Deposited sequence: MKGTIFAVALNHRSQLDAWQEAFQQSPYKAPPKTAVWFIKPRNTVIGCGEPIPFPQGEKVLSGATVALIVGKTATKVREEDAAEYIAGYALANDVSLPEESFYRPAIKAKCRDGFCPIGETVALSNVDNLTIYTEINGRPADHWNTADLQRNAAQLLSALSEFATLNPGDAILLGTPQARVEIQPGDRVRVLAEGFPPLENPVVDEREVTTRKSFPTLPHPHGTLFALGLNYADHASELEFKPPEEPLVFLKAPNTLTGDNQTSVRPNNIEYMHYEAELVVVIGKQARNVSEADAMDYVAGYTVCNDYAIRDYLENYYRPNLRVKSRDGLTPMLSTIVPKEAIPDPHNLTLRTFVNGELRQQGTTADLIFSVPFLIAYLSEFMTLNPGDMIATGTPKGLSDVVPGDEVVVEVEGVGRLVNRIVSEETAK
């Protein structure tokens, strides 16, 4: 509810069936070997009765579903014991633009303001064989059944928590079918299921929706963590952005685990921009008025776990403790130009990566304008701006230090699974 909302894509056999062909051809090559995850960040999350702001353009689809709600810290939950970690279930709505591609993360399609209605948590034993219904303006519009999902609730909790710890109050959306129904301004969309209070939301022209949902500020880091893919010219028509779940974050001089039996885990030094004022539809020219200042991240990746579904996916990029980030923020006024700073990485004192923000493809103002054009940025949100060339493998015992000129120096130590236990 106020927890992180994860969700699974491609979990309904109808979509798997529909996409079977596409999944054998470029750019997928092969069907998903593993669950395809996404996140509905805090700007999306609304309760019953709250409006879904409609972006004009622009075709929008309801996505009635149900979400498991975590009742206690879930790390490596065993399938057979899942119910003990689940407080209950809640009706939800993965509101989305069309699912035309599953290759790149679907941020414009799924992370718009108000795009995740979620209702009341109900303490049921399971949601087996549950028909989830959608009504529009009070008429029946759609129905589907959780028996047609590939992974059930227990399996989803076990699969995600295997690498990403969930906290009490976090949720998992169980998935949606291929076929969806379209909503438009003026519609009232209602989700219903036996055993739950109906969830209802009106769809309103976004130009008519008021101030934007705000949140209490908490010490950094606390906010949506956006991250760029390929953003250094060093050696894309539009930026590749994906989100990282907050349990990936860890502080200075901590440890990060390298999984057993993989070939390649690499650091990624990055300049991180932190938002200081709520921002929507901001021009490049005013973007910097919304920046609080800068910090540093080490955006690790396990290259082995990469797949071609919402790439780079959560099993690579939202690993528990695989994103060291400094807790200090350097105010923008202490940094004349963020587009002229050196980044470096050292492993055991050997310089392995060096670059400059002069090589950013997409500038800080471009990125702020680009994201705020389709979603609300709030104070404490962070934008990891990418990394220059110079990646390499790091192994247990290694000390990896990333540094951005004038912003900070961030230390981390790799350990084995055996050591971290």
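Participant: What's missing from the model if you number the deposited sequence from 1?
Facilitator: Gaps in the modelled chain, taken against the deposited sequence, amount to a single one at 236-243.
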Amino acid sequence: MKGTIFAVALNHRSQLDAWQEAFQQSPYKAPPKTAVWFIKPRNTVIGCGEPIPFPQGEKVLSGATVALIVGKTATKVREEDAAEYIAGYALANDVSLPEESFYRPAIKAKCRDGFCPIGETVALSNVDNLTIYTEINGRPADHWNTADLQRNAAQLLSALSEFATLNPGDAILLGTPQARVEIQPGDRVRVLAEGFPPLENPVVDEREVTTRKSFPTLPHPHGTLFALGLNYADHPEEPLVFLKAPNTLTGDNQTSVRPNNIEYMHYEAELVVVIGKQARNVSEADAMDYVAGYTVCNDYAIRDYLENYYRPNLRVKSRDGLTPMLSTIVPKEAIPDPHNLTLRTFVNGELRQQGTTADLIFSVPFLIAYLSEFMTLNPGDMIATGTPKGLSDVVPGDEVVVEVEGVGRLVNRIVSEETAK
From here on, numbers count along this sequence of modelled residues.
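Participant: Report the stretch with the higher mean CA temperature factor, choosing between 122-130 and 297-305 on the basis of the entry.
Facilitator: Going by the record's values, the stretch with the higher mean is 122-130.
Participant: Could you settle it for me: does 141-149 or 204-212 have the higher average Cα B factor in the PDB entry?
Facilitator: Per the deposited B-factors, the answer is 204-212.
Participant: By the CA temperature factor listed in this entry, which of these ranks top: 335, 77, 227, 173?
Facilitator: Each of 335, 77, 227, 173 was compared by C-alpha B-factor; the highest is 335.
Participant: Per the entry's Cα B factor values, which of 315, 188, 266, 244 stands out as the maximum?
Facilitator: When the deposited C-alpha B-factors of 315, 188, 266, 244 are compared, 188 is largest.
Participant: Once the chain's modelled residues are ordered by C-alpha B factor and cut into thirds, is residue 287 in the lowest, middle or highest one?
Facilitator: It falls in the top third of the chain.
Participant: Thinking about Cα B factors across the chain, which third does residue 328 belong to?
Facilitator: As the PDB entry reports it, the C-alpha B-factor of residue 328 lands in the highest third of its chain.
Participant: If you rank every modelled residue in this chain by C-alpha B factor, which third holds residue 233: lowest, middle or highest?
Facilitator: Highest third of the chain for residue 233's C-alpha B-factor.
Participant: Among the modelled residues of this chain, does the Cα B factor of residue 365 put it in the lowest, middle or highest third?
Facilitator: Middle third of the chain for residue 365's C-alpha B-factor.
Participant: Going by the entry, which third of its chain does the Cα temperature factor of residue 30 land in?
Facilitator: Top third by C-alpha B-factor.
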